[PDB]
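Below, in structure tokens: the form solved without the RNA, a single chain.
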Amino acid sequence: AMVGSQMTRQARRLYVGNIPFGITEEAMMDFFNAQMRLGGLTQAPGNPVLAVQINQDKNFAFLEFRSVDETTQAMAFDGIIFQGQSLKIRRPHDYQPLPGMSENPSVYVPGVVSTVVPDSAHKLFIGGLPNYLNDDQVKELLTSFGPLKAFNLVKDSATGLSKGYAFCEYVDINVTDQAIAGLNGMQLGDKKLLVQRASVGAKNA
């Protein structure tokens, strides 16, 4: 091509800084490829990095990814220390990344507990749930302290079954910490149910 593919060129490519002058394609490539695997960012198998571009006599480089969604998550490493190296990634405002959020259908009934739990500052995570119980059955355990405005149990589309974890939000803010106080550690059946505020950094900081 000639003067084409400009949008996706800079959209799949991020600005890498805080690099040592003389760093090689393979060096930076393998590092990021590994991190994606570690953080569970790699949505596709293999290497997320497609091509590494180092401008001559410049103290910076550019990393091109096969997918923009795999690109944007590399930007999360901006200011992070991986294995002693500090990575700096700048956000190119020549394009717009689309958030990887799947829109919820009307799978809830207005006037009752909603199956959509927003990521509030009172976001709650429940784990340890028996596979033979769904959100409705599990509500009985949570409702012991207070009712839920929203309770969504994440089931697996491949199993058709409850993975054993859900997210809730209590209608009142006082019952939030009062419920998690007693519910967390509930030894039901074979499992102790984990009940924890997800607003502390749910498997990611």
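So that there is no doubt, residue numbering starts at 1 and follows the sequence shown.
What comes next is about the form deposited with the RNA bound, which is not displayed.
Participant: Out of the stretches listed (136-144, 56-64, 173-181, 36-44), which one is close to the RNA in the deposited complex, meaning heavy atoms within 4.5 Å?
Facilitator: Heavy-atom contact with the partner occurs in 56-64.
Participant: Indicate whether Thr24 is a 4.5 Å heavy atom neighbour of the RNA in the deposited complex.
Facilitator: Residue-level check for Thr24: no, no contact with the RNA.
Participant: Evaluate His122 for contact with the RNA in the deposited complex, applying a 4.5 angstroms cut-off between non-hydrogen atoms, and reply yes or no.
Facilitator: Looking in the deposited complex, residue contacts with the RNA do not include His122, since no heavy atom lies within 4.5 Å.
Participant: So in the deposited complex, does any heavy atom of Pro97 sit within 4.5 Å of the RNA?
Facilitator: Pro97 lies outside the contact set for the RNA.
Participant: Scan 64-95 and note down the residues that get a heavy atom within 4.5 Å of the RNA in the deposited complex; none is a fine answer too.
Facilitator: Contacting residues: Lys88, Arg90, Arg91, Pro92, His93, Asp94.
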